[PDB]
Amino acid sequence: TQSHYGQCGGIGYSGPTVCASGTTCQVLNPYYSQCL
Ligand SMILES: *[C@H]1O[C@H](CO)[C@@H](O)[C@H](O)[C@@H]1O[C@H]1O[C@H](CO)[C@@H](O)[C@H](O)[C@@H]1O
C-alpha cells in the first residue's frame, strides 16, 4: 500500500495508489491525490 502522505492516484501514475489502511485517498490536484 501507499504510505501516509503519498500519492494515491495520479493520472498516469503507475506507482502505489492503494492507500494504507487508515488513510484516505484525497484528490488534491488533477494528478496529485494524497493518502491523508
Ligand atoms: C510514503 O512512502 C512512499 C514510498 O514508500 C511514497 O511513495 C509516498 O509518496 C510517501 O512518501 C512521502 O511521504 C512520506 C511521509 O512519511 C515521507 O517520509 C517521504 O519522504 C515522502 O515525502
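The opening position of the sequence shown corresponds to residue 461 in mature numbering (1 follows the signal peptide of the UniProt record, and there is no 0), with each subsequent residue numbered one higher.
We treat Cβ as the ideally placed atom computed from N, Cα and C, and that holds for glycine.
Proximity winner among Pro476, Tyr491 and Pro490, relative to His464 (alpha-carbon distances): Answer by Cα proximity: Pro476.
Extent of the continuous beta strand (DSSP E) run through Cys485: Element bounds for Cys485: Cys485 to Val487.
Buried or exposed for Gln486, going by 16 or more other Cβ atoms inside 10 Å? Looking at its Cβ environment, which holds fewer than 16 other Cβ atoms inside 10 Å, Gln486 is exposed.
If you measure from the CB of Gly466, is any heavy atom of ligand 1 nearer than 6 Å? Set against 6 Å, the gap from the CB of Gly466 to the closest heavy atom of ligand 1 is smaller.
Given the structure, does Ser481 come close to ligand 1, in the sense that its CB is under 6 Å from one of the ligand's heavy atoms? For ligand 1, not one heavy atom lies less than 6 Å from the Cβ of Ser481.
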